[PDB]
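S.K.: Here it is, the structure in full.
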Amino acid sequence: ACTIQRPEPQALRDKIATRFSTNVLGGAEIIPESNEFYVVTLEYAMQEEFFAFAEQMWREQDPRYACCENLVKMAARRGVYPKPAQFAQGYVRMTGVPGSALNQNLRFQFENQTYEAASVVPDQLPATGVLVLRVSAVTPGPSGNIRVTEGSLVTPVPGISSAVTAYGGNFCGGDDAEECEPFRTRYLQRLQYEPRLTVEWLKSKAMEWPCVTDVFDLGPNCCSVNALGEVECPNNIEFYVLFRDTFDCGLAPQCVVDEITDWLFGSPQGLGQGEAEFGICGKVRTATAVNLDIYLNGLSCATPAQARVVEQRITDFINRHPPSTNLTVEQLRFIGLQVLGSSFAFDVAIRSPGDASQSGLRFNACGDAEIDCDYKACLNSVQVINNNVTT
Amino acid sequence: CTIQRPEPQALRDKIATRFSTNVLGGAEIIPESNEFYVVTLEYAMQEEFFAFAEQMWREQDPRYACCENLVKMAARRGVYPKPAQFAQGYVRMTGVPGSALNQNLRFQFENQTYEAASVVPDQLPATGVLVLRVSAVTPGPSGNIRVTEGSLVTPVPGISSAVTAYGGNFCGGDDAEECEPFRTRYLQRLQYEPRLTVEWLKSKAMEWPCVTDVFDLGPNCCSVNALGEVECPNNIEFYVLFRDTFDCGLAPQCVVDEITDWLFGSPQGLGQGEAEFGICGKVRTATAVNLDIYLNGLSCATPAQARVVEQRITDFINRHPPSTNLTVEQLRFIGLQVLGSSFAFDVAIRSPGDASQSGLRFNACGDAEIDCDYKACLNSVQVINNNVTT
Amino acid sequence: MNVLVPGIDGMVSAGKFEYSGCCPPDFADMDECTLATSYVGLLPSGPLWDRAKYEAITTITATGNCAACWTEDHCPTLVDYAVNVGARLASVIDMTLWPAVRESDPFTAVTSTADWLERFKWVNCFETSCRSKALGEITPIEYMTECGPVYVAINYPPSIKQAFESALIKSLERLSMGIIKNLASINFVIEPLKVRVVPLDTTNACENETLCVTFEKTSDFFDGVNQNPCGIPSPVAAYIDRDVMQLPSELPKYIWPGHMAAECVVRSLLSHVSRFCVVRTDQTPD
């Protein structure tokens with residue numbers, strides 16, 4: 001693994017011994033036990049450190065090995081900077097008697113989260129008596145994302161209604177800072193070589209749209225083959241997007257994604273009116289939900305702590321599962337088996353609610369839940385059926 | 001985690017302890033003995049190592065490398081300094097049709113010599129008029145003089161010895177760069193990546209000499225984007241103006257043809273020029289449409305206000321994009337912004353001599369309708385009075 | 001007018017500065033002989049040192065490595081040790097510090113060419129059995145078999161592998177800076193591989209059903225890599241002979257690793273174009 005090739009130690013130790021005799025002792029070798037023998041060995045020890053020092057200073061400038069501080073300094077020299085923490089944002093509606101003067105320091109509260117006006121408040125309420133404001137979370141972080149509609153003022157003012165409501169949507173967009181390791185992989189990905197970076201550029205760009213959480217590429221089930229039996233490669237660009245923090249199960253209606261497509265590619269598409277370059281055609285997709293019930297077996301013999309975490313891990317795995325991808329019993333069994341132990345008797349099963357049929361769902365013999373295109377496996381309930389053991 | 005260059009005292013002590021413990025078995029280093037000189041020589045050898053290492057690692061940094069070490073490790077990546085450029089311009093010559101021309105024409109306007117830069121036809125056109133693109137012979141900013149009259153350097157049979165430059169405009173001259181300005185724009189280029197956005201194509205066009213404005217095809221143009229059996233748009237075209245050089249800023253087709261070849265290449269569709277591979281396009285000009293504007297009631301405003309309205313209107317029409325309607329509302333707004341909302345203002349658009357001009361129509365509302373490849377050019381603005389007040 | 005020269009941004013005009021002369025000495029000037037005798041100046045001065053320091057003589061033995069010359073009347077003293085230290089630093093810098101800097105830049109890497117490729121995550125498209133069908137009916141390193149085509153992995157010699165990998169790194173480094181995908185820029189990106197693209201169509205085009213390109217050799221020799229800080233690199237051949245390597249006869253007579261690598265890069269670059277075709281033509285050394 002060494003980058004500075006180091007000859008064999010025996011070859012080195014001979015070289016120092018030969019040099020010392022030729023220069024100082026005039027060609028004669030060293031007595032086994034004397035000052036000359038010990039100084040020679042000490043010289044060899046110093047050489048080892050010199051090799052390490054040179055390699056370390058080479059290591060300390062490569063992107064994939066540099067320190068957490070030097071890494072950012074190199075990144076700043078190529079236009080890459082870490083993402084700072086974000087504040088949740090949204091709109092809020094306010095109603096009150098017209099004419100009453102307003103204040104700039106007013107703040108609201110929606111389920112223990114305090115929001116403050118993020119814009120210059122007008123001098124006084126308008127004639128119609130209804131006002132719309134732009135607000136940002138008082139404190140940053142993901143905790144500012146909430147799905148609520150009703151709130152109330154924390155600082156009452158005369159002539160203004162004691163209750164206020166948000167817009168049909170909700171507050172979101174807040175996020176936490178970026179750590180060191182996630183930054184390192186992002187920087188390396190930019191430096192590396194990859195085909196079709198245009199797809200990657202659009203995929204990253206789409207993540208800047210408000211309320212967007214995850215970006216998923218076309219699933220394996222979306223591949224198609226023409227009548228000639230040859231795989232078909234399209235020249236368009238398409239991918240999925242999810243709103244796990246705003247919509248039920250993270251799936252959004254068609255109208256919402258249509259707006260994103262127009263902004264990204266323009267209208268008409270391809271004329272470079274959007275964010276995409278000239279002569280680029282594409283479409284952003286959505287997905288439809290299919291419910292599933294998951295049953296765990298043989299978990300009674302485990303300690304309560306093991307049961308709690310195993311259930312939690314499976315729930316997380318299903319939630320963030322991509323669309324148009326098969327869900328097989330092997331994946332879930334492995335995840336739980338990875339915690340309980342390879343010798344544990346653990347088994348899981350998948351069934352539909354009420355054992356009814358649904359669109360885009362078919363069960364194969366092995367027990368997997370095959371899913372068609374434009375369909376995402378949305379969790380419905382996790383139940384650990386009960387037995388009796390160890391009594 | 002980080003390990004850095006040790007300090008002198010902290011470094012000598014490390015050697016002295018290491019030397020004493022392993023070679024002398026804990027004995028102290030008595031000053032002015034042979035071991036004392038051995039220890040200090042060892043320390044010097046070790047310090048010179050670190051000092052040299054720090055010196056060399058600086059040269060690899062563009063922000064501090066010397067000039068000679070910066071031309072390299074920058075030419076490797078395709079970034080080079082810029083030499084002195086050459087001024088350019090346009091000229092016009094006349095003579096007996098059919099005369100034989102030469103590819104070694106030279107012009108001397110005023111103490112400056114200019115040479116033909118485009119391909120000169122074998123014989124003068126039928127109309128006896130030819131327009132060329134010329135560049136100075138000595139690079140530098142001194143080639144940006146503004147003169148309108150010049151003479152052919154060497155006489156040629158059948159061709160007059162007097163030539164003219166359109167508007168006397170000569171632009172493009174500059175000087176060579178230096179080390180410090182070159183260091184910038186290189187380490188700045190490391191943070192930049194082109195993307196072929198329509199802005200990039202638009203910006204690239206303006207680098208042609210004597211070009212001021214550039215617009216996309218107007219609303220009244222039905223563009224074609226396929227140019228073949230393809231599923232995504234493939235073609236792009238746009239206009240150009242030369243406001244400071246040609247009358248009305250419109251240039252003859254002889255010039256726009258040259259721009260199209262350079263920008264998109266020749267043959268087209270194979271990325272032979274500055275455009276992307278597999279992209280075809282065309283740069284086109286327009287033909288002037290003269291208009292006359294009559295302002296009513298301005299005579300009763302103060303002389304200072306009258307001049308402002310006239311000057312603002314003239315400028316607006318001059319900058320108007322080709323192939324776009326020139327509505328009355330736009331002119332009226334200009335008057336209200338200065339004369340006040342309570343003034344009795346009125347404007348109207350009429351053709352010179354109330355004749356008929358190709359590509360011009362008037363709608364019911366009184367606006368001016370202009371077809372493709374046509375532009376609204378101001379011909380005269382006049383003030384009339386037919387009311388009473390004061 | 002000026003004469004344009006290829007550049008990362010297309011065709012540009014180049015120039016030169018005037019010599020400054022403020023460059024610190026490089027590894028090249030680090031000479032063992034001069035550096036060794038230099039430390040004689042670090043010793044003190046006096047009647048016990050004047051004679052010894054004056055008679056210092058240094059000579060180069062068989063394999064360089066300047067060593068003190070002991071005449072018939074040598075007087076042992078610490079001065080001999082001082083010269084020994086001088087030889088040490090000259091040697092250790094060459095063995096230790098020079099390789100570290102040499103391997104830190106893609107345009108000068110020698111021993112770590114293979115490691116650098118792993119930093120770029122480079123993968124060849126001609127070695128995976130499940131290659132894209134658009135890459136042609138039979139690639140240059142595939143021989144037909146009843147159960148479909150089969151490829152053969154070549155074990156290149158050391159010198160050719162080192163040169164080819166070095167050339168590939170240079171081109172990849174240039175491409176990471178971003179380019180405008182026109183013919184002039186692409187040729188500059190892949191020119192270290194000694195390959196040039198050239199369209200087949202010569203008429204207007206832009207309407208025909210397909211656009212075709214082909215790859216031509218600009219030279220029959222890679223530019224090698226030089227270990228020493230001074231001197232020119234040694235060129236090496238870019239081709240490989242089928243018969244010499246004892247490969248299946250179905251393969252073409254001559255194999256050009258550079259052309260295959262260049263073909264992959266361009267194909268990825270211009271994927272968004274839906275009517276792009278490649279017509280490879282057999283080439284032979286002159």
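How things are named: the first chain in the structure tokens is A, the next is B, and so on; residues count from 1 in each chain; ligands count from 1 in the order shown.
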Starting from chain A, keep only residues with some atom at most 6 Å from an atom of chain C, counting only C-alpha atoms, and report them as a PyMOL selection string.

M.R.: chain A and resi 23-24+51+54+58+192-193+195

S.K.: Extract the full set of alpha helix (DSSP H) residues from stretch 70-241 of chain B according to DSSP on the backbone, and format it as JSON, numbers by chain.

M.R.: {"B": [70, 71, 179, 180, 181, 182, 183, 198, 199, 200, 201, 202, 203, 204, 205, 206]}

S.K.: Limited to C-alpha atoms, could you put the picked residues into a file as a short mmCIF file (atom, residue, chain, number, x, y, z; two decimals), in the first residue's frame?

M.R.:
data_model
loop_
_atom_site.label_atom_id
_atom_site.label_comp_id
_atom_site.auth_asym_id
_atom_site.auth_seq_id
_atom_site.Cartn_x
_atom_site.Cartn_y
_atom_site.Cartn_z
CA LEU B 70 3.29 29.23 -13.46
CA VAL B 71 3.37 29.30 -17.27
CA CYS B 179 2.18 38.05 -14.57
CA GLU B 180 -0.17 39.24 -11.83
CA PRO B 181 -3.31 39.61 -14.01
CA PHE B 182 -2.55 36.18 -15.50
CA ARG B 183 -2.34 34.54 -12.07
CA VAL B 198 -28.22 30.06 -24.32
CA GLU B 199 -26.53 32.89 -22.42
CA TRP B 200 -23.13 31.46 -23.35
CA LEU B 201 -24.03 31.42 -27.05
CA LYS B 202 -25.45 34.93 -26.73
CA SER B 203 -22.29 36.19 -25.02
CA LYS B 204 -20.01 34.52 -27.56
CA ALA B 205 -21.63 36.41 -30.44
CA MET B 206 -20.79 39.84 -29.00
#

S.K.: Taking only C-alpha atoms into account, what are the residues of chain C at most 6 Å from chain B, put as a VMD selection string?

M.R.: chain C and resid 7 to 8 14 to 15 174 178 181 to 183 204 206 to 207

S.K.: With a distance cut-off of 9 Å and only C-alpha atoms, select the neighbouring residues of residue A:71, excluding the residue or stretch itself and same-chain residues fewer than 5 positions from it, and output the selection as a list in words.

M.R.: residues 60, 61, 62, 63, 64, 65, 66, 76, 180 and 184 of chain A

S.K.: Residues of chain A within 10 Å of chain B, using only C-alpha atoms, as a PyMOL selection string?

M.R.: chain A and resi 34-43+46+50+53-54+56-58+60+66-70+76-80+198+235-236+268-282

S.K.: Can those selected residues be exported to a file as a PDB file, in the first residue's frame so that it contains C-alpha atoms?

M.R.:
ATOM      1  CA  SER A  34      31.534  -0.656  19.493  1.00  0.00           C
ATOM      2  CA  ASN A  35      30.522   2.972  19.049  1.00  0.00           C
ATOM      3  CA  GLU A  36      30.576   2.670  15.257  1.00  0.00           C
ATOM      4  CA  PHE A  37      28.092  -0.208  15.352  1.00  0.00           C
ATOM      5  CA  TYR A  38      25.630   1.727  17.512  1.00  0.00           C
ATOM      6  CA  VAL A  39      25.826   5.005  15.582  1.00  0.00           C
ATOM      7  CA  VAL A  40      25.160   3.068  12.372  1.00  0.00           C
ATOM      8  CA  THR A  41      22.014   1.501  13.831  1.00  0.00           C
ATOM      9  CA  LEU A  42      20.814   4.881  15.092  1.00  0.00           C
ATOM     10  CA  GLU A  43      21.321   6.268  11.587  1.00  0.00           C
ATOM     11  CA  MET A  46      16.405   8.019  11.673  1.00  0.00           C
ATOM     12  CA  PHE A  50      12.360  10.275   7.244  1.00  0.00           C
ATOM     13  CA  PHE A  53       7.619  12.047   7.165  1.00  0.00           C
ATOM     14  CA  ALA A  54       7.780  12.278   3.368  1.00  0.00           C
ATOM     15  CA  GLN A  56       2.794  11.683   5.525  1.00  0.00           C
ATOM     16  CA  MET A  57       3.199  15.055   3.814  1.00  0.00           C
ATOM     17  CA  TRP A  58       2.141  13.372   0.568  1.00  0.00           C
ATOM     18  CA  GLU A  60      -1.848  15.072   3.922  1.00  0.00           C
ATOM     19  CA  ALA A  66      -6.306  14.670   4.224  1.00  0.00           C
ATOM     20  CA  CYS A  67      -7.300  15.953   7.647  1.00  0.00           C
ATOM     21  CA  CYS A  68     -10.771  17.334   8.307  1.00  0.00           C
ATOM     22  CA  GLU A  69      -9.390  20.891   8.145  1.00  0.00           C
ATOM     23  CA  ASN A  70      -7.023  20.694   5.169  1.00  0.00           C
ATOM     24  CA  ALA A  76     -12.407  26.089  -1.286  1.00  0.00           C
ATOM     25  CA  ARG A  77      -9.849  26.287  -4.111  1.00  0.00           C
ATOM     26  CA  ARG A  78     -12.193  24.504  -6.562  1.00  0.00           C
ATOM     27  CA  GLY A  79     -15.501  26.215  -5.777  1.00  0.00           C
ATOM     28  CA  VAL A  80     -16.836  23.552  -3.384  1.00  0.00           C
ATOM     29  CA  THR A 198     -25.657  15.945 -17.080  1.00  0.00           C
ATOM     30  CA  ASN A 235     -32.402   9.815 -24.856  1.00  0.00           C
ATOM     31  CA  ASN A 236     -34.591  11.629 -22.306  1.00  0.00           C
ATOM     32  CA  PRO A 268     -41.563  24.331 -24.414  1.00  0.00           C
ATOM     33  CA  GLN A 269     -38.861  21.927 -23.261  1.00  0.00           C
ATOM     34  CA  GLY A 270     -35.449  21.861 -24.906  1.00  0.00           C
ATOM     35  CA  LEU A 271     -35.091  25.550 -25.808  1.00  0.00           C
ATOM     36  CA  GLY A 272     -32.851  26.227 -22.809  1.00  0.00           C
ATOM     37  CA  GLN A 273     -35.454  28.416 -21.109  1.00  0.00           C
ATOM     38  CA  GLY A 274     -35.154  26.384 -17.897  1.00  0.00           C
ATOM     39  CA  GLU A 275     -32.182  25.400 -15.781  1.00  0.00           C
ATOM     40  CA  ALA A 276     -31.147  22.662 -18.216  1.00  0.00           C
ATOM     41  CA  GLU A 277     -28.722  23.365 -21.038  1.00  0.00           C
ATOM     42  CA  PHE A 278     -29.836  23.818 -24.630  1.00  0.00           C
ATOM     43  CA  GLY A 279     -31.306  20.815 -26.406  1.00  0.00           C
ATOM     44  CA  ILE A 280     -32.196  18.850 -23.262  1.00  0.00           C
ATOM     45  CA  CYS A 281     -35.546  17.054 -22.993  1.00  0.00           C
ATOM     46  CA  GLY A 282     -36.824  15.295 -19.898  1.00  0.00           C
TER      47      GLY A 282
END

S.K.: Out of C:1, C:190, C:148, C:71, which residue has the shortest atom-to-atom distance to residue B:173 when counting only C-alpha atoms?

M.R.: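 Looking only at the distances to residue B:173, the closest residue turns out to be C:1.
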
S.K.: Could you name the residues that touch residue C:225 at 12 Å or less, counting only C-alpha atoms, but leaving out those on the same chain fewer than 5 positions away, as a ChimeraX atom specification?

M.R.: /C:102-103,106-113,159-167,170,230-236

S.K.: Give me, please, the distance in Å between atom CA of residue C:128 and atom CA of residue C:262, quoted to one decimal.

M.R.: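 According to the coordinates, atom CA of residue C:128 and atom CA of residue C:262 are separated by 16.9 Å.
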
S.K.: So that I can check the secondary structure, give me every residue of stretch 263-310 of chain B assigned strand (DSSP E) by backbone DSSP, as an mmCIF file with N, CA and C atoms, in the first residue's frame.

M.R.:
data_model
loop_
_atom_site.group_PDB
_atom_site.id
_atom_site.type_symbol
_atom_site.label_atom_id
_atom_site.label_comp_id
_atom_site.auth_asym_id
_atom_site.auth_seq_id
_atom_site.Cartn_x
_atom_site.Cartn_y
_atom_site.Cartn_z
ATOM 1 N N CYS B 280 -26.892 22.946 -34.977
ATOM 2 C CA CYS B 280 -26.871 23.815 -36.143
ATOM 3 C C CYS B 280 -27.601 25.110 -35.821
ATOM 4 N N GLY B 281 -27.211 26.179 -36.505
ATOM 5 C CA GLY B 281 -27.813 27.474 -36.248
ATOM 6 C C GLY B 281 -27.503 28.441 -37.367
ATOM 7 N N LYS B 282 -28.032 29.652 -37.221
ATOM 8 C CA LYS B 282 -27.868 30.683 -38.234
ATOM 9 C C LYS B 282 -28.043 32.047 -37.585
ATOM 10 N N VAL B 283 -27.229 33.007 -38.017
ATOM 11 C CA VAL B 283 -27.330 34.397 -37.588
ATOM 12 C C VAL B 283 -27.825 35.211 -38.773
ATOM 13 N N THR B 287 -34.215 44.088 -42.397
ATOM 14 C CA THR B 287 -34.346 45.220 -43.303
ATOM 15 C C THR B 287 -35.136 46.330 -42.623
ATOM 16 N N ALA B 288 -34.707 47.569 -42.843
ATOM 17 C CA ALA B 288 -35.285 48.701 -42.135
ATOM 18 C C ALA B 288 -36.690 49.012 -42.637
ATOM 19 N N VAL B 289 -37.537 49.463 -41.715
ATOM 20 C CA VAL B 289 -38.863 49.982 -42.027
ATOM 21 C C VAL B 289 -38.967 51.365 -41.401
ATOM 22 N N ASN B 290 -39.092 52.389 -42.240
ATOM 23 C CA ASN B 290 -39.084 53.765 -41.766
ATOM 24 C C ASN B 290 -40.449 54.162 -41.223
ATOM 25 N N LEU B 291 -40.440 54.935 -40.138
ATOM 26 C CA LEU B 291 -41.661 55.419 -39.514
ATOM 27 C C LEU B 291 -41.504 56.892 -39.170
ATOM 28 N N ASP B 292 -42.633 57.595 -39.122
ATOM 29 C CA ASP B 292 -42.689 58.988 -38.703
ATOM 30 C C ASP B 292 -43.649 59.113 -37.530
ATOM 31 N N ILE B 293 -43.260 59.906 -36.536
ATOM 32 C CA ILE B 293 -43.995 60.031 -35.283
ATOM 33 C C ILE B 293 -44.394 61.486 -35.096
ATOM 34 N N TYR B 294 -45.673 61.714 -34.814
ATOM 35 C CA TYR B 294 -46.215 63.048 -34.593
ATOM 36 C C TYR B 294 -46.677 63.158 -33.147
ATOM 37 N N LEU B 295 -46.062 64.069 -32.398
ATOM 38 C CA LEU B 295 -46.438 64.336 -31.017
ATOM 39 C C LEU B 295 -47.339 65.561 -30.972
ATOM 40 N N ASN B 296 -48.462 65.441 -30.272
ATOM 41 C CA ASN B 296 -49.473 66.487 -30.214
ATOM 42 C C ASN B 296 -49.462 67.141 -28.840
#

S.K.: Skipping near chain neighbours, those fewer than 6 positions away, what residues fall within 9 Å of residue C:140 using only C-alpha atoms, listed as a list in words?

M.R.: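 The residues satisfying every condition are residues 126, 151, 251, 252, 255 and 260 of chain C.
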
S.K.: Mind writing the picked residues with N, CA and C atoms as a CSV table (one decimal), in the first residue's frame?

M.R.:
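Result file is result-v7.csv:
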chain,number,residue,atom,x,y,z
C,126,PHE,N,-14.7,-2.2,-22.5
C,126,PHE,CA,-14.4,-3.3,-23.4
C,126,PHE,C,-14.1,-4.6,-22.7
C,151,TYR,N,-14.6,-12.1,-25.0
C,151,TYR,CA,-13.4,-11.2,-24.9
C,151,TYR,C,-12.3,-11.9,-24.2
C,251,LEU,N,-8.2,-12.3,-33.5
C,251,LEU,CA,-8.0,-10.9,-33.1
C,251,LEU,C,-7.4,-10.2,-34.3
C,252,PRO,N,-7.5,-8.8,-34.3
C,252,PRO,CA,-6.8,-8.1,-35.4
C,252,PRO,C,-5.3,-8.2,-35.2
C,255,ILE,N,-3.1,-4.2,-32.1
C,255,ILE,CA,-4.0,-3.7,-31.0
C,255,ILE,C,-3.5,-2.4,-30.5
C,260,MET,N,-8.8,2.4,-28.0
C,260,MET,CA,-9.9,1.8,-27.3
C,260,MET,C,-10.3,2.8,-26.2

S.K.: From the options B:102, B:220, B:314, B:325, which residue's atoms come nearest to residue B:382, counting only C-alpha atoms?

M.R.: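 Of the candidates, the smallest distance to residue B:382 is held by B:314.
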
S.K.: Excluding residue B:17 and any residue of its chain fewer than 5 positions from it, enumerate the residues within 12 Å of it, using only C-alpha atoms, and give them as a short mmCIF file (atom, residue, chain, number, x, y, z; two decimals) with C-alpha atoms, in the first residue's frame.

M.R.:
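Writing done, so here's selection-v1.cif:
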data_model
loop_
_atom_site.label_atom_id
_atom_site.label_comp_id
_atom_site.auth_asym_id
_atom_site.auth_seq_id
_atom_site.Cartn_x
_atom_site.Cartn_y
_atom_site.Cartn_z
CA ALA B 10 12.16 20.99 20.52
CA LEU B 11 14.03 19.24 17.69
CA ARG B 12 17.60 19.34 19.01
CA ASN B 22 21.17 4.53 22.72
CA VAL B 23 24.87 5.22 22.09
CA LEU B 24 26.23 6.46 25.44
CA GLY B 25 23.86 4.62 27.79
CA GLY B 26 22.43 7.66 29.56
CA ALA B 27 25.67 9.64 29.78
CA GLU B 28 25.29 13.41 29.63
CA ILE B 29 26.52 15.35 26.60
CA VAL B 39 25.02 15.94 17.90
CA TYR B 43 20.52 18.43 14.07
#

S.K.: Restricting the calculation to only C-alpha atoms, which member of A:183, A:142, A:150, A:110 is positioned closest to residue A:85?

M.R.: A:142
